[PDB]
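Chains as they are written, first to last, in this note's numbering: chain G, 292 to 512; chain U, 551 to 611.
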């Protein structure tokens, strides 16, 4: 009764029909990351085929989709970069916890959308207290990897990382974003560097803080 | 001149004024739209052997 390949065929027949909506293609993508379906590429292809076809898109289904694209490690530039059309129209409609997932997924894929990151950084500095420290790092990872050298956000994120100390995975995203911006601010790197001997749980954030320190050439930890 | 009391319009000229146009068959609308909808079946069905769905929307693999 615990059927994982028989539920892949039931997801495959959900996205192979004719009028899949946004919520049915969000939850098909969310179910493919929780099931860890890197081996089936065509089933991930049928989901992103319907993700471009889906026209309505509320705030919750767009961020569930973009979370699943980012977490699952699936990249298709044409599909993800056209999901920045829903995002710039749902951007005042987005939660502060949801705007961090949109800009991290659209930024991490390299979507060159200057209208998105200008409005999504002007929101995150207009309400800087409304964002938790993991959300200000996700936006900072997005605006940095989306090709925007927004140092107004990198200062406002630096004041947050000095006032409250952050999680290990929160800091290593913030180090990776500042490494690509090439900032090497001693005031803020060392405020994020103390988060790494409380115990880190992933190796991906130990390796990314490793990369971000060496690229800014600070020293090992 | 008995021939001048006969009707001057010929039997030929009746048969070409009464049967002026070759009439449209009942079946020529079927077998002309069917052969044209067989191209709508071919290109646009999803069970045809020559669908355009992989030519116009290429599959993400």
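All C-beta atoms in this analysis are idealised placements derived from N, C-alpha and C, irrespective of residue type, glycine included.
Please classify residue i: is it buried, with 16 or more other beta-carbons within 10 angstroms of its beta-carbon, or exposed?
i: residue 370 of chain G; result: buried
i: residue 563 of chain U; result: exposed
i: residue 606 of chain U; result: exposed
i: residue 449 of chain G; result: buried
i: residue 333 of chain G; result: exposed
i: residue 329 of chain G; result: exposed
i: residue 404 of chain G; result: buried
i: residue 537 of chain G; result: What is shown of chain G runs 292 to 512, which leaves residue 537 of chain G out entirely.
i: residue 479 of chain G; result: buried
i: residue 426 of chain G; result: buried
i: residue 464 of chain G; result: buried
i: residue 391 of chain G; result: buried
i: residue 290 of chain G; result: Lying before the first or after the last residue shown, residue 290 of chain G is absent from chain G, which here runs from 292 to 512.
i: residue 603 of chain U; result: exposed
i: residue 498 of chain G; result: exposed
i: residue 389 of chain G; result: buried
When you compare each of the options to residue i by their alpha carbons, which one comes out closest?
i: residue 267 of chain G; options: G:487, G:457 and G:508; result: No information on residue 267 of chain G is available, as it lies outside the stretch 292 to 512 that chain G covers here.
i: residue 343 of chain G; options: G:351, G:367, G:350 and G:412; result: G:367
i: residue 410 of chain G; options: G:430, G:324, G:425 and G:401; result: G:430
i: residue 482 of chain G; options: G:492, G:466 and G:494; result: G:466
i: residue 349 of chain G; options: G:312, G:365 and G:363; result: G:312
i: residue 354 of chain G; options: G:320, G:331 and G:327; result: G:320
i: residue 568 of chain U; options: U:579, U:559 and U:551; result: U:559
i: residue 297 of chain G; options: G:323, G:314 and G:315; result: G:323
i: residue 493 of chain G; options: G:428, G:303, G:460 and G:327; result: G:460
i: residue 447 of chain G; options: G:462, G:437 and G:417; result: G:417
i: residue 365 of chain G; options: G:338, G:511 and G:389; result: G:338
i: residue 512 of chain G; options: G:347, G:301, G:484 and G:389; result: G:484
i: residue 377 of chain G; options: G:347, G:389, G:488 and G:362; result: G:347
Assuming residue i contacts residue j (C-beta within less than 8 Å), just tell me the rounded distance between them.
i: residue 457 of chain G; j: residue 486 of chain G; result: 6 Å
i: residue 408 of chain G; j: residue 439 of chain G; result: 5 Å
i: residue 592 of chain U; j: residue 598 of chain U; result: 5 Å
i: residue 336 of chain G; j: residue 610 of chain U; result: 3 Å
i: residue 454 of chain G; j: residue 434 of chain G; result: Not really, about 20 Å apart at Cβ, beyond 8 Å.
i: residue 415 of chain G; j: residue 444 of chain G; result: 7 Å
i: residue 316 of chain G; j: residue 345 of chain G; result: 5 Å
i: residue 340 of chain G; j: residue 379 of chain G; result: So it is not a contact: roughly 22 Å between Cβ atoms.
i: residue 299 of chain G; j: residue 331 of chain G; result: 7 Å
Inset, instruction - Examine the Cβ distances between the region 494-511 of chain G and the region 469-476 of chain G and report whether three or more of them are shorter than 8 Å. - result: Yes, since at least three Cβ pairs between the region 494-511 of chain G and the region 469-476 of chain G fall closer than 8 Å, the two stretches touch.
Legend entry - Meets three-Cβ-pair contact criterion under 8 Å: the region 361-375 of chain G and the region 300-316 of chain G: Here the region 361-375 of chain G makes no contact with the region 300-316 of chain G; the two share fewer than three CB pairs at distances below 8 Å.
Inset, instruction - Specify whether the region 373-386 of chain G and the region 415-423 of chain G touch according to this definition: at least 3 beta carbon pairs, one from each stretch, less than 8 Å apart. - result: The region 373-386 of chain G is not in contact with the region 415-423 of chain G.
Legend entry - contact_flag[the region 393-402 of chain G, the region 345-359 of chain G] where n(CB pairs < 8 Å) is 3 or more: yes
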